[PDB]
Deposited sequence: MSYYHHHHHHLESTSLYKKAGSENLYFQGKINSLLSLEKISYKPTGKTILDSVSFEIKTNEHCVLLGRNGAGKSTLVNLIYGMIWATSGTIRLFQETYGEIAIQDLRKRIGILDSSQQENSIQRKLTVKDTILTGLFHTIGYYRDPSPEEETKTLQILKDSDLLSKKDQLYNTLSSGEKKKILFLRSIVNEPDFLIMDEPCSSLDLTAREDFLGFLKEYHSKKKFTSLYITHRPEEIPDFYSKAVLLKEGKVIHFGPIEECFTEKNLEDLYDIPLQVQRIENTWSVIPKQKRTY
């Protein structure tokens, strides 16, 4: 029941090692975080998982299959990506962009909106939604094709506290209602919902540690990651990571 597996994955396309012998695994219905500083190689690793770049060594597998065994266009359909960085479309049409509009596709879109108590917004323009609601819609767009797993690339970027809580609340509700698999990418431990049970800590392209999130988020492992003394604790079921004076 391994869904994603990386075994000593490296990426050295032009004499500089960008990813160095990366190993971790995500089982079916698990939720894993990839935590690292700005510039740690997280975007590169996502590119590799999504089949946009080939590893220069190691083995990567989706279920039982090495990436060599799967047509990349088929792999990409089976992996959903939420990343907001991607004139005047509605809620419905924005979601449809994640797949012209076949009827079957339209029905699917409306059901996904209905399952998440947001049908009433079907025709609201996307640009009028609150910042958090926009991310909820991009989440629905990321799962429109019913992927095997979802990559959420810094989905709380540019959300204030209230919007973050709105989005994360929608995530927690989706998780209570539906089994799925995910990899959540961030540099801010406070953006991580309580249902993430596993973590990969990435520093300068190397895994510092992978495993249960309580094992990774020790003071010592986070200090190695951030290179400064830290106070780590849990407050209100969030991770609080604050530099020491």
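S.K.: So which bits of the deposited sequence did not make it into the model?
M.R.: Since the structure holds only modelled residues, the stretches it omits are 1 to 31, 118 to 123, 137 to 144, 291 to 294.
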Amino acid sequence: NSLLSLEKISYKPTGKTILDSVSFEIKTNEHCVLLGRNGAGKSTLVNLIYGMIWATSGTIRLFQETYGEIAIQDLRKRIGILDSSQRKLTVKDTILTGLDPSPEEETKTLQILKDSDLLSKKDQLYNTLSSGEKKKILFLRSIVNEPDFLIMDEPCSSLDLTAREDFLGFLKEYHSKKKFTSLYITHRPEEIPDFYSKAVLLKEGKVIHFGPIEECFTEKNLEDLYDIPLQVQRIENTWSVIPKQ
From here on, numbers count along this sequence of modelled residues.
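S.K.: Per the entry, where is the mean C-alpha temperature factor higher: 144 to 152 or 89 to 97?
M.R.: It is 89 to 97 that shows the higher mean C-alpha B-factor.
S.K.: Tell me which of 231 to 239 and 18 to 26 has the higher mean C-alpha B-factor in the deposited entry.
M.R.: Per the deposited B-factors, the answer is 231 to 239.
S.K.: Checking the record values for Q64, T186, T59, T44, which has the greatest CA B factor?
M.R.: In this record, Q64 carries the highest C-alpha B-factor of the candidates.
S.K.: Sort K136, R76, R164, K172 by C-alpha B-factor from the entry and give me just the highest.
M.R.: Spelled out: the listed residue with the top C-alpha B-factor is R76.
S.K.: Is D194 in the lowest, middle or highest third of its chain when residues are ranked by C-alpha B-factor?
M.R.: Its C-alpha B-factor, which the entry lists for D194, ranks in the highest third among residues of this chain.
S.K.: Considering only modelled residues of the same chain, in which third does the CA B-factor of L159 rank: lowest, middle or highest?
M.R.: Middle third - that is where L159 ends up once the chain's C-alpha B-factors are sorted.
S.K.: Considering every modelled residue of the chain and its Cα B-factor in the PDB entry, is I81 in the lowest, middle or highest third?
M.R.: Middle third - that is where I81 ends up once the chain's C-alpha B-factors are sorted.
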